[PDB]
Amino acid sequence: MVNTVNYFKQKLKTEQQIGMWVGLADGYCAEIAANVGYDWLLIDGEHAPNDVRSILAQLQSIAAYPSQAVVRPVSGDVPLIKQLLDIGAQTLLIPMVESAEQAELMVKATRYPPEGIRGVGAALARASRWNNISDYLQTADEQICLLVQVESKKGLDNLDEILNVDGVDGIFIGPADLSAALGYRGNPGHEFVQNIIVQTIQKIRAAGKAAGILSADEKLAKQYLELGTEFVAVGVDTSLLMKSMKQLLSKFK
């Protein structure tokens, strides 16, 4: 078997990928999302009740479908990154990255020694399909994609430095965390926040990196796509479930 090709990673340079957030934290719900045709599915280990084992179940569900899996760990924790790579997550989204030094450590966390610090345990791992991918230890590093979130004042204060880190494939903007950091908690739609987001997207793309963002607002998402933003998540499974059930009830009250 050849290593699973990371089409998400390749498509960062060739197209604009439409994403769905997966916070239902469940192999069965993840399979439903995987049937829709999103370019990418974000398995949220930061803000949904997930652990390594529930994320594994969702990777197994999604694996039968073309949608590419991206996993967000709860934090930039090196041992947790090791665990998520070994269950076979090929793209990671690291929250709250705030310096070039932290971004460099996240690069190393995703690459084998001697160049990186990814723990070596291929025989045991779904990532190597238990060494059924015979040359995994030689071919792994190439299909791993590292995305980092800029979503605080300190992140924006270190944006140019992070954008200079070789091995950061993409910078994703978190409007909820960023709007709160800016003192507009719950109000990312404000011009003050939006002008900072647009400028940030322009700088990311000017430095030759992929830009990404989430917005459930159709108009904002289409604006970000018009700016050339490479990976745009356009909705959240929990939000779509709740809103669809509320809209239906409202027809009958």
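All residue numbers are counted from 1 along the displayed sequence.
Stretches 31-39 and 181-189 differ in mean C-alpha B factor, with the higher average recorded for 181-189.
For the pair 222-230 and 65-73, the mean B factor over Cα atoms is greater in 222-230. Of the candidates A123, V120, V107, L85, the one whose C-alpha carries the top B factor in the deposited record is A123. Out of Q143, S99, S128, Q149, it is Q143 whose C-alpha atom has the highest B-factor in the PDB entry. Residue-level temperature factors show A48 in the lowest third of its chain, judged at the C-alpha atom.
In the deposited entry, the Cα temperature factor of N158 sits in the middle third of values across the chain's modelled residues. Among the modelled residues of its chain, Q199 has a C-alpha B-factor that falls in the highest third according to the deposited record. In the deposited entry, the Cα temperature factor of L92 sits in the bottom third of values across the chain's modelled residues. In the deposited entry, the Cα temperature factor of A103 places it in the middle third of its chain's modelled residues.
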